[PDB]
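Data block below; observations after.
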Amino acid sequence: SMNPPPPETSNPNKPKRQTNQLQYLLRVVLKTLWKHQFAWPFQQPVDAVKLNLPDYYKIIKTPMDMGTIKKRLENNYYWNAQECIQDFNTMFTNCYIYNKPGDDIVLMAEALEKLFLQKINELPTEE
Ligand SMILES: CN1CC[C@H](c2c(O)cc(O)c3c(=O)cc(-c4ccccc4Cl)oc23)[C@H](O)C1
C-alpha cells in the first residue's frame with residue numbers, strides 16, 4: 001500500500017486571523033515539543049511504507065503529526081486555538097490506538113503529551 005496524502009495545511013479560501021493563543025501554540029507549545037528527545041517520530045506524517053506498517057492507515061483514519069500542525073500554524077490555517085489543541089490530541093491518541101500500553105513508541109508519546117499538557121495549562125487568557 002502507498003501512503004495517503006497528508007492532511008491539508010493551507011486553504012486560500014479560509015479566512016485568517018492572528019490571536020495571542022495561536023501565537024503561543026506556535027512559539028511555545030510546538031517549538032518546545034519539537035526539541036524534545038522523543039519528538040522525531042511525531043515530526044512528520046507516519047510514513048507507513050518506510051516504517052513497514054502496512055496496517056497503519058487501516059487502523060488510523062484521522063492522521064495527525066507535528067509537522068502538519070506546524071505548517072497549519074505557519075499558514076494561519078487555524079481560526080481557533082481549540083482546532084490546534086484537538087490536532088495535538090489526535091496525534092497522541094492515534095499513537096495510543098495503534099500501539100499497546102508500555103510500547104517504547106507509546107512511552108515516547110506519553111512524554112511529549114505530559115509536556116504538552118503542562119504548556120497548555122499555561123496557555124494565556126484570550127486577549
Ligand atoms: C523499529 N520500529 C520502531 C517503532 C515503529 C513505529 C510503530 O511500531 C508504531 C508507530 O505508531 C510509529 C509511529 O507513529 C512513528 C514512528 C516513527 C516515525 C519516524 C521515525 C521513527 C519512528 Cl519510530 O514509528 C512507529 C516501527 O514499528 C519500526
When every residue in segment 79-127 that is of a type in the set (D, E, K, R), within 16 Å of the ligand (Cβ to nearest atom) and not in a helix (DSSP H, G or I) is compared, the one nearest to residue 40 (Cα to Cα) is 103
In segment 1-47, anything over 17 Å from residue 93 (Cα atoms) and touching a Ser or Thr at 6+ places or on another chain (Cβ under 8 Å) is listed as 6, 9
Counted residues in segment 50-62 being among the charged types (D, E, K, R) and within 11 Å of the ligand (Cβ to nearest atom) come to 2
Subset of segment 2-60, residues hydroxyl-bearing (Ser, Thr, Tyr), part of a loop (DSSP other than H, G, I, E, B) and over 14 Å from the mean Cα position of the chain (by Cα), comes to 10, 19
### Query
Are any of the residues in segment 8-15 farther than 18 Å from residue 97 by Cα and among the acidic types (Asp, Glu)?
yes
Listed by first then second residue, the pairs whose first member lies in segment 16-38 and is within 15 Å of residue 126 (Cα to Cα), whose partner is surrounded by 15 or more Cβ atoms within 10 Å (Cβ to Cβ) and among the β-branched types (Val, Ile, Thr), with beta carbons under 7 Å and at least 6 positions apart or on separate chains, are none
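Here is a yes/no grid of residues against (1) under 12 Å from residue 25 (Cα atoms); (2) surrounded by 16 or more Cβ atoms within 10 Å (Cβ to Cβ); (3) free of Cβ contacts under 8 Å to residues at least 40 places away in the same chain:
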site: 55; (1), (2), (3): no, no, yes
site: 75; (1), (2), (3): no, no, no
site: 90; (1), (2), (3): no, yes, yes
site: 116; (1), (2), (3): yes, yes, no
Note: among 47, 65, just one is surrounded by fewer than 16 Cβ atoms within 10 Å (Cβ to Cβ), within 16 Å of the ligand (Cβ to nearest atom) and of a type in the set (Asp, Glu), namely 47
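Because the Cβ atoms are built from the backbone with ideal geometry, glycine has one as well, and the counts that use them run over all protein chains shown. Bear in mind that the values in this text are calculations on the coordinates, not laboratory data.
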